[PDB]
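File shown: upload09.cif. Contents: mmCIF, N, CA and C atoms.
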data_entry
loop_
_atom_site.group_PDB
_atom_site.id
_atom_site.type_symbol
_atom_site.label_atom_id
_atom_site.label_comp_id
_atom_site.auth_asym_id
_atom_site.auth_seq_id
_atom_site.Cartn_x
_atom_site.Cartn_y
_atom_site.Cartn_z
ATOM 1 N N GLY R 1 9.976 -17.986 -32.469
ATOM 2 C CA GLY R 1 11.358 -17.434 -32.546
ATOM 3 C C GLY R 1 11.665 -16.481 -31.406
ATOM 4 N N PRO R 2 12.887 -16.541 -30.854
ATOM 5 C CA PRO R 2 13.304 -15.668 -29.751
ATOM 6 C C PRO R 2 13.217 -14.191 -30.118
ATOM 7 N N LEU R 3 12.930 -13.355 -29.126
ATOM 8 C CA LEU R 3 12.817 -11.918 -29.348
ATOM 9 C C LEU R 3 14.129 -11.341 -29.871
ATOM 10 N N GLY R 4 15.241 -11.931 -29.448
ATOM 11 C CA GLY R 4 16.540 -11.459 -29.885
ATOM 12 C C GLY R 4 17.114 -10.397 -28.966
ATOM 13 N N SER R 5 18.008 -9.576 -29.502
ATOM 14 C CA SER R 5 18.640 -8.515 -28.726
ATOM 15 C C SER R 5 17.604 -7.544 -28.168
ATOM 16 N N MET R 6 16.524 -7.334 -28.914
ATOM 17 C CA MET R 6 15.469 -6.422 -28.489
ATOM 18 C C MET R 6 14.218 -7.185 -28.063
ATOM 19 N N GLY R 7 13.529 -6.664 -27.051
ATOM 20 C CA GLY R 7 12.320 -7.303 -26.564
ATOM 21 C C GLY R 7 11.383 -6.324 -25.882
ATOM 22 N N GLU R 8 10.100 -6.399 -26.216
ATOM 23 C CA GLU R 8 9.102 -5.510 -25.630
ATOM 24 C C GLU R 8 8.517 -6.093 -24.350
ATOM 25 N N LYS R 9 9.153 -7.135 -23.824
ATOM 26 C CA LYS R 9 8.695 -7.749 -22.585
ATOM 27 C C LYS R 9 9.024 -6.835 -21.410
ATOM 28 N N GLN R 10 9.695 -5.728 -21.719
ATOM 29 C CA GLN R 10 10.083 -4.743 -20.723
ATOM 30 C C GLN R 10 8.857 -4.059 -20.121
ATOM 31 N N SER R 11 8.914 -3.790 -18.821
ATOM 32 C CA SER R 11 7.810 -3.135 -18.127
ATOM 33 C C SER R 11 8.254 -1.800 -17.537
ATOM 34 N N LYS R 12 7.310 -0.872 -17.404
ATOM 35 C CA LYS R 12 7.609 0.446 -16.856
ATOM 36 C C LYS R 12 6.702 0.766 -15.671
ATOM 37 N N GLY R 13 7.249 1.473 -14.687
ATOM 38 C CA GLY R 13 6.473 1.838 -13.517
ATOM 39 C C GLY R 13 5.988 0.629 -12.741
ATOM 40 N N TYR R 14 6.857 0.080 -11.899
ATOM 41 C CA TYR R 14 6.500 -1.085 -11.098
ATOM 42 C C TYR R 14 5.618 -0.686 -9.922
ATOM 43 N N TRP R 15 4.431 -1.273 -9.862
ATOM 44 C CA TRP R 15 3.490 -0.991 -8.783
ATOM 45 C C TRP R 15 3.672 -1.983 -7.638
ATOM 46 N N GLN R 16 4.033 -1.470 -6.464
ATOM 47 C CA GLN R 16 4.218 -2.309 -5.287
ATOM 48 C C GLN R 16 2.869 -2.592 -4.633
ATOM 49 N N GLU R 17 2.600 -3.877 -4.424
ATOM 50 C CA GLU R 17 1.342 -4.332 -3.842
ATOM 51 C C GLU R 17 1.049 -3.694 -2.488
ATOM 52 N N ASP R 18 -0.240 -3.582 -2.184
ATOM 53 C CA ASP R 18 -0.703 -3.011 -0.927
ATOM 54 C C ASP R 18 -0.070 -3.724 0.264
ATOM 55 N N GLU R 19 -0.053 -5.049 0.203
ATOM 56 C CA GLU R 19 0.497 -5.862 1.282
ATOM 57 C C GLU R 19 2.002 -5.677 1.432
ATOM 58 N N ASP R 20 2.704 -5.617 0.312
ATOM 59 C CA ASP R 20 4.151 -5.437 0.333
ATOM 60 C C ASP R 20 4.517 -4.039 0.824
ATOM 61 N N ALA R 21 3.657 -3.077 0.509
ATOM 62 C CA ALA R 21 3.867 -1.692 0.914
ATOM 63 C C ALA R 21 2.793 -1.250 1.906
ATOM 64 N N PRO R 22 2.892 -1.722 3.158
ATOM 65 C CA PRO R 22 1.936 -1.388 4.219
ATOM 66 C C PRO R 22 2.143 0.012 4.784
ATOM 67 N N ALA R 23 3.269 0.611 4.428
ATOM 68 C CA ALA R 23 3.603 1.956 4.883
ATOM 69 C C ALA R 23 4.120 2.796 3.725
ATOM 70 N N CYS R 24 3.989 4.116 3.836
ATOM 71 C CA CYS R 24 4.427 5.021 2.781
ATOM 72 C C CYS R 24 5.920 4.893 2.508
ATOM 73 N N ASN R 25 6.251 4.589 1.260
ATOM 74 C CA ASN R 25 7.636 4.455 0.837
ATOM 75 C C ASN R 25 8.392 5.771 1.018
ATOM 76 N N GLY R 26 7.662 6.882 0.971
ATOM 77 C CA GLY R 26 8.289 8.186 1.098
ATOM 78 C C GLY R 26 8.447 8.665 2.531
ATOM 79 N N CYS R 27 7.347 8.734 3.275
ATOM 80 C CA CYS R 27 7.397 9.219 4.651
ATOM 81 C C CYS R 27 7.283 8.094 5.678
ATOM 82 N N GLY R 28 7.083 6.867 5.216
ATOM 83 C CA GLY R 28 6.993 5.745 6.135
ATOM 84 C C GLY R 28 5.714 5.730 6.957
ATOM 85 N N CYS R 29 4.751 6.576 6.606
ATOM 86 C CA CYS R 29 3.491 6.618 7.342
ATOM 87 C C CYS R 29 2.665 5.372 7.045
ATOM 88 N N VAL R 30 1.966 4.881 8.062
ATOM 89 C CA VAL R 30 1.153 3.679 7.924
ATOM 90 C C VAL R 30 -0.201 3.982 7.294
ATOM 91 N N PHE R 31 -0.620 3.120 6.378
ATOM 92 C CA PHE R 31 -1.903 3.287 5.707
ATOM 93 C C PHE R 31 -3.025 2.715 6.568
ATOM 94 N N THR R 32 -4.100 3.486 6.678
ATOM 95 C CA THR R 32 -5.259 3.093 7.471
ATOM 96 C C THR R 32 -6.542 3.159 6.646
ATOM 97 N N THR R 33 -7.632 2.674 7.232
ATOM 98 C CA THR R 33 -8.933 2.661 6.567
ATOM 99 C C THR R 33 -9.294 4.029 5.991
ATOM 100 N N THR R 34 -9.007 5.095 6.731
ATOM 101 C CA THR R 34 -9.331 6.439 6.263
ATOM 102 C C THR R 34 -8.352 6.902 5.188
ATOM 103 N N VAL R 35 -7.137 6.371 5.203
ATOM 104 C CA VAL R 35 -6.146 6.757 4.210
ATOM 105 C C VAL R 35 -6.155 5.810 3.022
ATOM 106 N N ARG R 36 -6.556 6.345 1.883
ATOM 107 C CA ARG R 36 -6.604 5.582 0.646
ATOM 108 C C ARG R 36 -5.194 5.354 0.116
ATOM 109 N N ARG R 37 -4.976 4.183 -0.466
ATOM 110 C CA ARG R 37 -3.674 3.830 -1.012
ATOM 111 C C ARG R 37 -3.538 4.335 -2.444
ATOM 112 N N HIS R 38 -2.344 4.800 -2.798
ATOM 113 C CA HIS R 38 -2.101 5.316 -4.140
ATOM 114 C C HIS R 38 -0.694 4.975 -4.628
ATOM 115 N N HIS R 39 -0.456 5.205 -5.913
ATOM 116 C CA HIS R 39 0.842 4.912 -6.516
ATOM 117 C C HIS R 39 1.386 6.111 -7.286
ATOM 118 N N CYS R 40 2.709 6.261 -7.287
ATOM 119 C CA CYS R 40 3.378 7.337 -8.010
ATOM 120 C C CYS R 40 3.709 6.851 -9.422
ATOM 121 N N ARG R 41 3.493 7.718 -10.410
ATOM 122 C CA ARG R 41 3.720 7.371 -11.814
ATOM 123 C C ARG R 41 5.203 7.277 -12.170
ATOM 124 N N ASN R 42 6.066 7.650 -11.237
ATOM 125 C CA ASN R 42 7.506 7.605 -11.470
ATOM 126 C C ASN R 42 8.144 6.373 -10.830
ATOM 127 N N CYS R 43 8.204 6.354 -9.507
ATOM 128 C CA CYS R 43 8.818 5.241 -8.790
ATOM 129 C C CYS R 43 7.912 4.014 -8.750
ATOM 130 N N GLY R 44 6.612 4.235 -8.891
ATOM 131 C CA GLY R 44 5.675 3.125 -8.874
ATOM 132 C C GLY R 44 5.493 2.545 -7.488
ATOM 133 N N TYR R 45 5.803 3.343 -6.476
ATOM 134 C CA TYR R 45 5.666 2.912 -5.092
ATOM 135 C C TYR R 45 4.360 3.422 -4.510
ATOM 136 N N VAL R 46 3.925 2.796 -3.427
ATOM 137 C CA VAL R 46 2.679 3.186 -2.787
ATOM 138 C C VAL R 46 2.851 4.474 -1.989
ATOM 139 N N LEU R 47 1.965 5.433 -2.230
ATOM 140 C CA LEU R 47 2.007 6.711 -1.526
ATOM 141 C C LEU R 47 0.620 7.102 -1.030
ATOM 142 N N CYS R 48 0.556 7.623 0.188
ATOM 143 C CA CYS R 48 -0.709 8.071 0.753
ATOM 144 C C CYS R 48 -1.066 9.419 0.141
ATOM 145 N N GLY R 49 -2.229 9.965 0.474
ATOM 146 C CA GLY R 49 -2.612 11.242 -0.092
ATOM 147 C C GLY R 49 -1.557 12.308 0.132
ATOM 148 N N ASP R 50 -1.159 12.474 1.388
ATOM 149 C CA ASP R 50 -0.158 13.471 1.769
ATOM 150 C C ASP R 50 1.154 13.317 1.005
ATOM 151 N N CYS R 51 1.530 12.076 0.731
ATOM 152 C CA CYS R 51 2.766 11.794 0.008
ATOM 153 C C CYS R 51 2.541 11.786 -1.499
ATOM 154 N N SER R 52 1.297 11.992 -1.908
ATOM 155 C CA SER R 52 0.949 12.025 -3.318
ATOM 156 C C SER R 52 0.089 13.249 -3.605
ATOM 157 N N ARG R 53 0.289 14.300 -2.812
ATOM 158 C CA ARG R 53 -0.456 15.539 -2.986
ATOM 159 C C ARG R 53 0.195 16.434 -4.037
ATOM 160 N N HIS R 54 1.453 16.155 -4.378
ATOM 161 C CA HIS R 54 2.153 16.956 -5.378
ATOM 162 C C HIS R 54 1.775 16.518 -6.784
ATOM 163 N N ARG R 55 2.092 17.359 -7.760
ATOM 164 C CA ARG R 55 1.796 17.054 -9.152
ATOM 165 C C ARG R 55 2.946 17.501 -10.055
ATOM 166 N N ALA R 56 3.312 16.649 -11.000
ATOM 167 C CA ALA R 56 4.400 16.962 -11.921
ATOM 168 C C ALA R 56 4.319 16.132 -13.194
ATOM 169 N N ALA R 57 4.881 16.656 -14.281
ATOM 170 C CA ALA R 57 4.902 15.945 -15.552
ATOM 171 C C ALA R 57 6.161 15.095 -15.632
ATOM 172 N N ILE R 58 6.113 14.021 -16.409
ATOM 173 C CA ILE R 58 7.256 13.135 -16.552
ATOM 174 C C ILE R 58 7.556 12.864 -18.024
ATOM 175 N N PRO R 59 8.232 13.814 -18.687
ATOM 176 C CA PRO R 59 8.572 13.712 -20.112
ATOM 177 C C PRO R 59 9.542 12.579 -20.445
ATOM 178 N N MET R 60 10.111 11.938 -19.431
ATOM 179 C CA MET R 60 11.020 10.822 -19.672
ATOM 180 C C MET R 60 10.221 9.531 -19.734
ATOM 181 N N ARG R 61 9.213 9.458 -18.875
ATOM 182 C CA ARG R 61 8.344 8.294 -18.797
ATOM 183 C C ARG R 61 7.253 8.372 -19.859
ATOM 184 N N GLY R 62 7.303 9.438 -20.652
ATOM 185 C CA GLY R 62 6.325 9.637 -21.702
ATOM 186 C C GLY R 62 5.166 10.501 -21.257
ATOM 187 N N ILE R 63 5.274 11.060 -20.056
ATOM 188 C CA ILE R 63 4.231 11.916 -19.515
ATOM 189 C C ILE R 63 4.566 13.381 -19.774
ATOM 190 N N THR R 64 3.910 13.964 -20.773
ATOM 191 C CA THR R 64 4.148 15.358 -21.130
ATOM 192 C C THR R 64 3.257 16.298 -20.329
ATOM 193 N N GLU R 65 2.189 15.758 -19.757
ATOM 194 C CA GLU R 65 1.274 16.552 -18.947
ATOM 195 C C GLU R 65 1.534 16.272 -17.474
ATOM 196 N N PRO R 66 1.441 17.294 -16.615
ATOM 197 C CA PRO R 66 1.688 17.119 -15.186
ATOM 198 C C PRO R 66 0.790 16.047 -14.582
ATOM 199 N N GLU R 67 1.414 15.056 -13.958
ATOM 200 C CA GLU R 67 0.694 13.953 -13.340
ATOM 201 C C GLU R 67 1.077 13.814 -11.872
ATOM 202 N N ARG R 68 0.299 13.030 -11.135
ATOM 203 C CA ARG R 68 0.549 12.820 -9.714
ATOM 204 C C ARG R 68 1.799 11.977 -9.482
ATOM 205 N N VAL R 69 2.589 12.416 -8.509
ATOM 206 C CA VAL R 69 3.822 11.740 -8.120
ATOM 207 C C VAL R 69 4.033 11.867 -6.620
ATOM 208 N N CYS R 70 5.130 11.309 -6.129
ATOM 209 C CA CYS R 70 5.459 11.393 -4.720
ATOM 210 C C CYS R 70 6.451 12.525 -4.500
ATOM 211 N N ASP R 71 7.034 12.587 -3.316
ATOM 212 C CA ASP R 71 7.984 13.652 -3.005
ATOM 213 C C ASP R 71 9.355 13.432 -3.652
ATOM 214 N N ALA R 72 9.868 12.208 -3.600
ATOM 215 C CA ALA R 72 11.179 11.913 -4.179
ATOM 216 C C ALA R 72 11.169 12.022 -5.702
ATOM 217 N N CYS R 73 10.160 11.439 -6.333
ATOM 218 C CA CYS R 73 10.044 11.480 -7.786
ATOM 219 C C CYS R 73 9.854 12.912 -8.262
ATOM 220 N N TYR R 74 9.051 13.673 -7.535
ATOM 221 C CA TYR R 74 8.822 15.065 -7.888
ATOM 222 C C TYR R 74 10.154 15.799 -7.941
ATOM 223 N N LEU R 75 11.027 15.469 -6.992
ATOM 224 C CA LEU R 75 12.350 16.081 -6.901
ATOM 225 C C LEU R 75 13.297 15.593 -7.994
ATOM 226 N N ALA R 76 13.428 14.274 -8.124
ATOM 227 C CA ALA R 76 14.328 13.700 -9.123
ATOM 228 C C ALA R 76 14.073 14.324 -10.486
ATOM 229 N N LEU R 77 12.811 14.391 -10.882
ATOM 230 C CA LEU R 77 12.463 15.007 -12.151
ATOM 231 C C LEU R 77 12.804 16.489 -12.079
ATOM 232 N N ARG R 78 12.503 17.070 -10.922
ATOM 233 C CA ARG R 78 12.762 18.478 -10.646
ATOM 234 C C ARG R 78 14.239 18.825 -10.825
ATOM 235 N N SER R 79 15.096 17.809 -10.789
ATOM 236 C CA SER R 79 16.530 18.021 -10.947
ATOM 237 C C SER R 79 16.846 18.629 -12.310
ATOM 238 N N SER R 80 15.997 18.340 -13.290
ATOM 239 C CA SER R 80 16.186 18.855 -14.641
ATOM 240 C C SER R 80 16.113 20.377 -14.658
ATOM 241 N N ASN R 81 16.757 20.984 -15.649
ATOM 242 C CA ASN R 81 16.766 22.437 -15.779
ATOM 243 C C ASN R 81 15.612 22.908 -16.659
ATOM 244 N N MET R 82 14.939 23.968 -16.227
ATOM 245 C CA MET R 82 13.814 24.516 -16.976
ATOM 246 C C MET R 82 14.298 25.419 -18.107
ATOM 247 N N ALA R 83 13.784 25.180 -19.310
ATOM 248 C CA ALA R 83 14.162 25.970 -20.474
ATOM 249 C C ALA R 83 13.739 27.427 -20.313
ATOM 250 N N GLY R 84 14.552 28.335 -20.838
ATOM 251 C CA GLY R 84 14.244 29.750 -20.741
ATOM 252 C C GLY R 84 15.246 30.614 -21.483
#
So, in terms of structure tokens, how does the structure I just supplied come out?
Amino acid sequence: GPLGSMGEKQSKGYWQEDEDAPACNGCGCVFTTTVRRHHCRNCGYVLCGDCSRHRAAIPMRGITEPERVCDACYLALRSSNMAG
């Protein structure tokens, strides 16, 4: 039977392949043997160490604890107002 109006076939955090992302999505820096490839838990794009040196939590993505992200994602989430 069809899933209907609702379906859990939905995916979160799209990871861009190493080959598709030969350069940093954030700073456009090229990945080399010495530079390990990484992914941001928000945008799901490939980020080098320098572009993934920041840390932040993502309560929208279900991440209540600070996790590794890139510069843009760190900011987008950062757009939210801190309770006080």
> Would you give me, as a ChimeraX atom specification, the residues in range 8-73 of chain R that DSSP reads as helix (DSSP H, G or I)?
Replying inline: /R:50-52,71-73
> Quick one: distance from atom N of residue 72 in chain R to atom C of residue 30 in chain R in Å, one decimal?
Replying inline: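 Atom C of residue 30 in chain R lies at a distance of 17.0 Å from atom N of residue 72 in chain R.
Excluding residue 13 in chain R itself and any same-chain residue fewer than 6 positions from it, the protein and nucleic acid residues within 8 Å of it, counting all atoms listed in the file, are residues 40, 41, 42, 43, 44 and 45 of chain R.
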> Between R:68, R:39, R:78, R:34, which is the closest to residue 14 in chain R once you count only C-alpha atoms?
Replying inline: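 Residue with the minimum atom-to-atom distance to residue 14 in chain R: R:39.
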Translate the PyMOL selection byres ((chain R and resi 47-64) around 6.5), as applied to the file shown, into an explicit residue set as a PDB file with N, CA and C atoms, in the coordinates of the input.
ATOM      1  N   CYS R  24       3.989   4.116   3.836  1.00  0.00           N
ATOM      2  CA  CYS R  24       4.427   5.021   2.781  1.00  0.00           C
ATOM      3  C   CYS R  24       5.920   4.893   2.508  1.00  0.00           C
ATOM      4  N   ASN R  25       6.251   4.589   1.260  1.00  0.00           N
ATOM      5  CA  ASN R  25       7.636   4.455   0.837  1.00  0.00           C
ATOM      6  C   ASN R  25       8.392   5.771   1.018  1.00  0.00           C
ATOM      7  N   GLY R  26       7.662   6.882   0.971  1.00  0.00           N
ATOM      8  CA  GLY R  26       8.289   8.186   1.098  1.00  0.00           C
ATOM      9  C   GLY R  26       8.447   8.665   2.531  1.00  0.00           C
ATOM     10  N   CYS R  27       7.347   8.734   3.275  1.00  0.00           N
ATOM     11  CA  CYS R  27       7.397   9.219   4.651  1.00  0.00           C
ATOM     12  C   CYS R  27       7.283   8.094   5.678  1.00  0.00           C
ATOM     13  N   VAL R  35      -7.137   6.371   5.203  1.00  0.00           N
ATOM     14  CA  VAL R  35      -6.146   6.757   4.210  1.00  0.00           C
ATOM     15  C   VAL R  35      -6.155   5.810   3.022  1.00  0.00           C
ATOM     16  N   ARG R  36      -6.556   6.345   1.883  1.00  0.00           N
ATOM     17  CA  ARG R  36      -6.604   5.582   0.646  1.00  0.00           C
ATOM     18  C   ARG R  36      -5.194   5.354   0.116  1.00  0.00           C
ATOM     19  N   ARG R  37      -4.976   4.183  -0.466  1.00  0.00           N
ATOM     20  CA  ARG R  37      -3.674   3.830  -1.012  1.00  0.00           C
ATOM     21  C   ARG R  37      -3.538   4.335  -2.444  1.00  0.00           C
ATOM     22  N   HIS R  38      -2.344   4.800  -2.798  1.00  0.00           N
ATOM     23  CA  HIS R  38      -2.101   5.316  -4.140  1.00  0.00           C
ATOM     24  C   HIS R  38      -0.694   4.975  -4.628  1.00  0.00           C
ATOM     25  N   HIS R  39      -0.456   5.205  -5.913  1.00  0.00           N
ATOM     26  CA  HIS R  39       0.842   4.912  -6.516  1.00  0.00           C
ATOM     27  C   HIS R  39       1.386   6.111  -7.286  1.00  0.00           C
ATOM     28  N   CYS R  40       2.709   6.261  -7.287  1.00  0.00           N
ATOM     29  CA  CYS R  40       3.378   7.337  -8.010  1.00  0.00           C
ATOM     30  C   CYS R  40       3.709   6.851  -9.422  1.00  0.00           C
ATOM     31  N   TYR R  45       5.803   3.343  -6.476  1.00  0.00           N
ATOM     32  CA  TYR R  45       5.666   2.912  -5.092  1.00  0.00           C
ATOM     33  C   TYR R  45       4.360   3.422  -4.510  1.00  0.00           C
ATOM     34  N   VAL R  46       3.925   2.796  -3.427  1.00  0.00           N
ATOM     35  CA  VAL R  46       2.679   3.186  -2.787  1.00  0.00           C
ATOM     36  C   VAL R  46       2.851   4.474  -1.989  1.00  0.00           C
ATOM     37  N   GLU R  65       2.189  15.758 -19.757  1.00  0.00           N
ATOM     38  CA  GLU R  65       1.274  16.552 -18.947  1.00  0.00           C
ATOM     39  C   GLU R  65       1.534  16.272 -17.474  1.00  0.00           C
ATOM     40  N   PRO R  66       1.441  17.294 -16.615  1.00  0.00           N
ATOM     41  CA  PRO R  66       1.688  17.119 -15.186  1.00  0.00           C
ATOM     42  C   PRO R  66       0.790  16.047 -14.582  1.00  0.00           C
ATOM     43  N   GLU R  67       1.414  15.056 -13.958  1.00  0.00           N
ATOM     44  CA  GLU R  67       0.694  13.953 -13.340  1.00  0.00           C
ATOM     45  C   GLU R  67       1.077  13.814 -11.872  1.00  0.00           C
ATOM     46  N   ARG R  68       0.299  13.030 -11.135  1.00  0.00           N
ATOM     47  CA  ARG R  68       0.549  12.820  -9.714  1.00  0.00           C
ATOM     48  C   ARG R  68       1.799  11.977  -9.482  1.00  0.00           C
ATOM     49  N   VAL R  69       2.589  12.416  -8.509  1.00  0.00           N
ATOM     50  CA  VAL R  69       3.822  11.740  -8.120  1.00  0.00           C
ATOM     51  C   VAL R  69       4.033  11.867  -6.620  1.00  0.00           C
ATOM     52  N   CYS R  70       5.130  11.309  -6.129  1.00  0.00           N
ATOM     53  CA  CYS R  70       5.459  11.393  -4.720  1.00  0.00           C
ATOM     54  C   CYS R  70       6.451  12.525  -4.500  1.00  0.00           C
ATOM     55  N   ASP R  71       7.034  12.587  -3.316  1.00  0.00           N
ATOM     56  CA  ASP R  71       7.984  13.652  -3.005  1.00  0.00           C
ATOM     57  C   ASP R  71       9.355  13.432  -3.652  1.00  0.00           C
ATOM     58  N   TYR R  74       9.051  13.673  -7.535  1.00  0.00           N
ATOM     59  CA  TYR R  74       8.822  15.065  -7.888  1.00  0.00           C
ATOM     60  C   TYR R  74      10.154  15.799  -7.941  1.00  0.00           C
TER      61      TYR R  74
END
> Distance CA of residue 73 in chain R-atom C of residue 17 in chain R, one decimal place?
Replying inline: 18.4 Å
> atom C of residue 29 in chain R to CA of residue 15 in chain R: how many Å, to one decimal?
Replying inline: 17.1 Å
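Secondary structure from DSSP on the backbone puts strand (DSSP E or B) at the following positions of chain R: residues 23, 30, 38, 39, 46, 47, 55, 56, 57, 58, 63, 64, 65, 66, 67 and 68 of chain R.
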Given 5 Å on each side, where is the centre and what are the edge lengths in Å to one decimal of the axis-aligned box enclosing the listed atoms of range 50-69 of chain R, as lines of an AutoDock Vina configuration file?
center_x = 4.9
center_y = 12.9
center_z = -10.0
size_x = 22.2
size_y = 19.2
size_z = 33.5
Student task, range 40-55 of chain R output with N, CA, C and O atoms as a JSON list (two decimals), in the first residue's frame:
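Final output, saved to selection-v8.json:
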[["chain", "number", "residue", "atom", "x", "y", "z"],
["R", 40, "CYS", "N", 29.37, 18.99, 7.16],
["R", 40, "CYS", "CA", 28.66, 19.79, 8.16],
["R", 40, "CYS", "C", 27.31, 19.12, 8.45],
["R", 40, "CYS", "O", 26.64, 18.63, 7.54],
["R", 41, "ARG", "N", 26.94, 19.08, 9.73],
["R", 41, "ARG", "CA", 25.70, 18.44, 10.16],
["R", 41, "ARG", "C", 24.45, 19.24, 9.78],
["R", 41, "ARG", "O", 23.33, 18.77, 9.97],
["R", 42, "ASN", "N", 24.65, 20.44, 9.27],
["R", 42, "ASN", "CA", 23.53, 21.30, 8.88],
["R", 42, "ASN", "C", 23.29, 21.26, 7.37],
["R", 42, "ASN", "O", 22.28, 20.73, 6.91],
["R", 43, "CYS", "N", 24.20, 21.85, 6.61],
["R", 43, "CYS", "CA", 24.06, 21.90, 5.15],
["R", 43, "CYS", "C", 24.40, 20.56, 4.50],
["R", 43, "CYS", "O", 23.93, 20.27, 3.40],
["R", 44, "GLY", "N", 25.19, 19.75, 5.18],
["R", 44, "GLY", "CA", 25.56, 18.45, 4.64],
["R", 44, "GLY", "C", 26.54, 18.57, 3.49],
["R", 44, "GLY", "O", 26.66, 17.66, 2.67],
["R", 45, "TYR", "N", 27.26, 19.68, 3.44],
["R", 45, "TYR", "CA", 28.25, 19.91, 2.40],
["R", 45, "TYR", "C", 29.64, 19.58, 2.91],
["R", 45, "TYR", "O", 29.86, 19.50, 4.12],
["R", 46, "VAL", "N", 30.56, 19.36, 1.98],
["R", 46, "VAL", "CA", 31.92, 19.02, 2.35],
["R", 46, "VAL", "C", 32.68, 20.24, 2.84],
["R", 46, "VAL", "O", 32.71, 21.28, 2.17],
["R", 47, "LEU", "N", 33.31, 20.12, 4.00],
["R", 47, "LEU", "CA", 34.09, 21.21, 4.58],
["R", 47, "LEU", "C", 35.44, 20.71, 5.07],
["R", 47, "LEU", "O", 35.53, 19.65, 5.69],
["R", 48, "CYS", "N", 36.48, 21.49, 4.82],
["R", 48, "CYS", "CA", 37.82, 21.14, 5.28],
["R", 48, "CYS", "C", 37.92, 21.45, 6.77],
["R", 48, "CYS", "O", 36.98, 21.97, 7.35],
["R", 49, "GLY", "N", 39.05, 21.13, 7.39],
["R", 49, "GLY", "CA", 39.18, 21.40, 8.81],
["R", 49, "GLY", "C", 38.91, 22.85, 9.15],
["R", 49, "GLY", "O", 38.09, 23.14, 10.02],
["R", 50, "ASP", "N", 39.59, 23.75, 8.45],
["R", 50, "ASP", "CA", 39.44, 25.19, 8.67],
["R", 50, "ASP", "C", 38.00, 25.66, 8.53],
["R", 50, "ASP", "O", 37.57, 26.56, 9.24],
["R", 51, "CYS", "N", 37.27, 25.06, 7.60],
["R", 51, "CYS", "CA", 35.88, 25.42, 7.37],
["R", 51, "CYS", "C", 34.93, 24.63, 8.27],
["R", 51, "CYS", "O", 33.72, 24.84, 8.24],
["R", 52, "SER", "N", 35.50, 23.74, 9.07],
["R", 52, "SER", "CA", 34.72, 22.93, 9.98],
["R", 52, "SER", "C", 35.35, 22.96, 11.37],
["R", 52, "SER", "O", 35.22, 22.01, 12.14],
["R", 53, "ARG", "N", 36.04, 24.06, 11.67],
["R", 53, "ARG", "CA", 36.69, 24.22, 12.96],
["R", 53, "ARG", "C", 35.71, 24.76, 14.00],
["R", 53, "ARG", "O", 35.98, 24.68, 15.20],
["R", 54, "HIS", "N", 34.58, 25.30, 13.56],
["R", 54, "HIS", "CA", 33.59, 25.84, 14.48],
["R", 54, "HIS", "C", 32.72, 24.73, 15.05],
["R", 54, "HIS", "O", 32.69, 23.62, 14.52],
["R", 55, "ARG", "N", 32.00, 25.04, 16.12],
["R", 55, "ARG", "CA", 31.12, 24.07, 16.75],
["R", 55, "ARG", "C", 29.82, 24.74, 17.20],
["R", 55, "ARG", "O", 29.84, 25.83, 17.77]]
